[PDB]
Amino acid sequence: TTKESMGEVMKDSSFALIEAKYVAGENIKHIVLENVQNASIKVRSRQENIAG
Amino acid sequence: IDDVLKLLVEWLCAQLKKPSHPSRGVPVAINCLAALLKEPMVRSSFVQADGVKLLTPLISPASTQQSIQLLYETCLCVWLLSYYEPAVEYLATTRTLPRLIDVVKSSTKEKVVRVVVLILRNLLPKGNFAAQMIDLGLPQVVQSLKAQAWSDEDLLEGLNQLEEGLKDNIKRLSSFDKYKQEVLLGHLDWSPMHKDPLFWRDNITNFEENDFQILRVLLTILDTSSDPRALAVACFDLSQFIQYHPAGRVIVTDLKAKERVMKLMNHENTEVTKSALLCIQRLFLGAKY
Amino acid sequence: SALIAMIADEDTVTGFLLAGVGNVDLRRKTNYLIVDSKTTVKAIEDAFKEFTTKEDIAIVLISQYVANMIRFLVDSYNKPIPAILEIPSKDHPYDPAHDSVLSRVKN
Amino acid sequence: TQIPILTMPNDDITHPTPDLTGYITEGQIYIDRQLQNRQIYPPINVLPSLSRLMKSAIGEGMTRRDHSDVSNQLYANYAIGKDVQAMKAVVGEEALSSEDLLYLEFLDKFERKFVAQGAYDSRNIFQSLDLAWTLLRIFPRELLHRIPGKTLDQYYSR
Amino acid sequence: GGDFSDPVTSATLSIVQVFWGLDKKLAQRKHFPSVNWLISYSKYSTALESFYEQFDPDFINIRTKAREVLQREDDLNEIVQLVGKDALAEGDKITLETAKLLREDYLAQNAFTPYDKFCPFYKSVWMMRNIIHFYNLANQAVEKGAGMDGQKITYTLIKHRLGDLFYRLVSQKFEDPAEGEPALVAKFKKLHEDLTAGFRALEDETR
């Protein structure tokens, strides 16, 4: 199911880049790089024993 | 002819024939000693060893231009001594070694400085007194020699190798090997951190980077320790680290160091119990001021 | 913890790097920027084996497996958690090939 | 003092001759076909080997005070190592724990250096006991639970 | 070593009421008492009920609990050898801890040392009572399993929080009976009181 969602995920993502080009044109680039309003890259993973 | 040379003080007399010239017997005697260094018995004979102590004052000053040649002769004698182990023992008994180091530091002749450095490198044997003097020299004399590179590039490379060897030998007993074998290895043992509170703080500095990651690993190892003795050493190290920093004590209490203290806190063994109680008490003392 | 790509099409990666904080999974302070195509992306696999496997960053990213040069990370199928990645399009539609997790996931 | 060598007919012990000999004789030393297969000149397998009067045989004059501790520790370590080797075989070499690999390594060094001896190797008991303490100190002090602490302190570091 | 179906053996076990069947597996394990606790049996058990009641009423129940623990350990030994300790839960963990404690402290008696040469019945019953009490307290603790913690977490905690009492339980065998029954009883009562204090503070902390 997740793989099926994959690819369509990138197709949806391309619309964000198109909208950015239409509205703000070129991104901030360099360290800033713009184009991000949410989803800061921070995670939390843990090994869980399932079925032993 | 070692006995003949020892019993014939005519050698020391020709060496003491000052009115003849500055180096008349001295250069001749130095050349004879260098030639006899080919035979290990001649080099290591007590007759040669006896003159080494008598020549200890001559090792220190080389102010005169003639004394510069005398300094080179002394360096050749030093190399000959490095050849013979009994001569090495006599030189260890002989003084002016730190004086020789200072003279080499104040060496106008780069060849003489290179010879002195070569002699020091040939003294690969410990010789704790000269080793400590070189450790004092290594911070200053070796650093200046590296700054004051001159003459042969091969001599400079040899000096760099000698400096690297001196740096390796420095703090050979007080090295990080004990701390690595105790805390890092996971089987706790004698560690520099437990020995001194300053060393404990120094080890904790590397230990606490992200929420005391290395200290957290050590605490996790100590918590699940079947052996009380290794648990005792780990808990003692944890107590020292906690007492080093008050906030660090609270951090350790948050980590498995409190779990390690709770483990074997009042067990049948006494050392483990005492170390765990010390760790817990240090954590509590760091929790509130 | 985090996830560092350090090489990708970077079109969606820049928008997914960071907005407020988290240091973009330390891709700026450490590792490498998500941008790619300037050098060989085999170095991306090397960084994933080095940086992502260093427990700081869980996952990585590679695009379309065509110019991603992800065949170097083909042996990275073992230990999925240190090396897990799926090929998105990001203007370069995914092409199934030997990659970090593509062979295992497809099979 | 008699040492009657006995031949197991079909390489067994339930046969009447070895059975009655065990009933009568106060000891038994085993020579193992498995040991011979790996080409060890003395094939003695210590696990079934036993002397009823070994405790009285060893003495403070005869041997060091820790000799009995050495024997007990070697017995326990060998038995646990054999069980651990079977467990690792059934579950897998990788699945074996750290102490499992330690026990297998102890078995290896034991059957390699300890049992093996030359056609004319004639060594006194003391150096053999010292090398046995080397093999025992290969294991950690905690794992040497059978050994009393005093004998360990006497001959663990050495 | 031989089969226990041997005619002499079969004839004896028919009439004899108590079989203290020794096991070789213990013998190469250097477990000196070498008494197997599976094959052995004492049919005289019901007769001594009056003596046990007049001596210590709780002794019978703790003996049954120890027997059940030993049986559980022997039963699941095959499984843990087969599948592995990974699937073992907190109950299995405490059961194995108690089984090892039995095998080391209780069933093993060197008898070559003054503390272990002779074991008076008061010392024996007290050691078994302490072990069974620790087992019961561990069971209650892992059963509570509240406050976003407990169960296997509680077992690991008490391993690293009450491991001191765990080691002192093993040391309890080393208490020399020659010191006298009053002193030994006082020491064992203090140990039981501290064991009750254990898993009570652990109950108080709620993990």
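Cβ placement follows ideal geometry from the backbone for every residue including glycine, while neighbour counts extend to all protein chains displayed. The numbers here are math on the coordinates, done by the rules we state, and not lab data.
Of the trypsin sites (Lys or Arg not before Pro) in the stretch C:20-92, the ones in a loop by DSSP (not H, G, I, E or B) with at most 11 other beta carbons within 10 Å are C:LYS29, C:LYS38.
Per-residue Cβ counts within 10 Å, from other chains only, averaged over D:73-85: what number is that?
Partner Cβ neighbours, averaged per residue: 2.
Axis angle, to the nearest 10 degrees, between helix E:59-82 and the longest C-alpha principal axis of chain E: 90 degrees.
With the highest mean first, a sort of the peptides D:143-153, D:5-15 on other beta-carbon atoms found within 10 angstrom per residue produces D:143-153, D:5-15.
Inter-chain neighbour count for B:258-266: the average number of beta-carbon atoms from partner chains within 10 Å of each residue's beta-carbon is 6.
Sorting B:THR108, C:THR30, C:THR52 from the fewest to the most surrounding beta carbons within 10 angstrom yields B:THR108, C:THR30, C:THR52. Taking a ≥ b ≥ c as the square roots of the eigenvalues of the Cα gyration tensor, the stretch C:31-107 is classed as oblate, since a/c reaches at least 1.5 and a/b does not exceed b/c. Exactly which trypsin sites (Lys or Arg not before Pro) in the stretch B:26-126 are in a DSSP loop and have at most 12 other Cβ atoms within 10 Å? Filter output for the stretch B:26-126: B:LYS38, B:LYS126. Take the Cβ-Cβ distance between E:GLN71 and D:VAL91 as r, set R0 to 25 Å, and report the resulting FRET efficiency rounded to the nearest 0.05. Here the calculated transfer efficiency is 0.55. Loop-located chymotrypsin sites (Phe, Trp or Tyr not before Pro) in the stretch D:48-129 (DSSP state other than H, G, I, E, B) with a sparse environment of at most 16 neighbouring Cβ atoms within 10 Å: D:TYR120. Remark on the stretch E:68-146: Rg and Dmax equal 14.9, 47 Å (Cα only).
Exposed loop positions in chain E were taken to be chymotrypsin sites (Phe, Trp or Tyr not before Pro) whose DSSP state is not H, G, I, E or B and which have at most 15 other beta-carbon atoms within 10 angstrom. Between these positions, the longest stretch is E:21-111. The count of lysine pairs in the stretch B:171-278 with alpha-carbon distances below 17 Å, taking only pairs 8 or more places apart or on different chains, stands at 7. Along the Cα-to-Cβ line of B:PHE284, 7 Å from the Cα, sits a label point; which residues in the stretch E:171-207 have backbone N less than 20 Å from it? Those under the cut-off are E:194-195, E:197-207.
Mean separation of Cα pairs under 8 Å and 6+ residues apart, divided by the residue count of chain E: what relative contact order is that in percent?
19 percent
For chain A, a/c is not less than 1.5, where a ≥ b ≥ c are the root eigenvalues of the C-alpha gyration tensor, and a/b does not top b/c. That puts it in the oblate class.
Seen through its C-alpha gyration tensor, with square-root eigenvalues sorted a ≥ b ≥ c, the stretch D:30-89 comes out oblate because a/c lies at 1.5 or above while a/b is not bigger than b/c. Among B:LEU7, E:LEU107, E:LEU191, B:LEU145, a tally of other beta-carbon atoms within 10 Å of each Cβ gives an order, fewest to most, of B:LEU7, E:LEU107, E:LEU191, B:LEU145.
When you restrict to C-alpha pairs under 8 Å that are six or more residues apart and normalise by the size of chain C, the relative contact order lands at 28 percent. Averaged over the residues of A:1-14, the number of partner chain Cβ atoms lying within 10 Å of the residue Cβ comes to 4. Counting neighbouring Cβ atoms within 10 Å and putting the fewest first, the residues B:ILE170, C:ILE34 line up as B:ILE170, C:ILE34. The simple spin-label model puts a point 7 Å past each Cα toward its Cβ; for A:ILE28 and B:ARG95 those points are separated by 7.3 nm.
Within the stretch B:113-204, the ratio Rg/Rh, alpha carbon atoms throughout and Rh by Kirkwood, equals 1.11. Provide the FRET efficiency to the nearest 0.05 for the D:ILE13-A:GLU4 pair, computing r from the beta carbons and using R0 = 60 Å. The computed FRET efficiency comes out at 0.35. Using every alpha carbon pair in the protein assembly as shown, what percent of pairs falls into each 10 Å bin from 0 up to the bin containing the largest distance? Going from the shortest bin to the longest, the percentages are 2, 9, 13, 14, 15, 15, 13, 10, 6, 2, 0, 0. What is the sum of charges, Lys and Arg at +1 and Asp and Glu at -1, for the other residues whose Cβ falls under 10 Å from the Cβ of B:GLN240? Once all neighbours under 10 Å are counted, the net charge is +1.
Highest average first, the peptides B:63-69, B:237-243 ordered by how many other beta carbon atoms sit within 10 Å of their residues are B:237-243, B:63-69.
The angle between the Cα long axis of helix E:181-197 and the longest principal axis of the Cα atoms of chain E comes to about 40 degrees, rounded to the nearest 10. Other residues within the sphere of radius under 11 Å centred on the Cβ of A:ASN27, judged by their own Cβ, net out at -2 (K and R +1, D and E -1). Against chain A, whose longest principal axis comes from its Cα atoms, helix A:2-23 is set at around 20 degrees.
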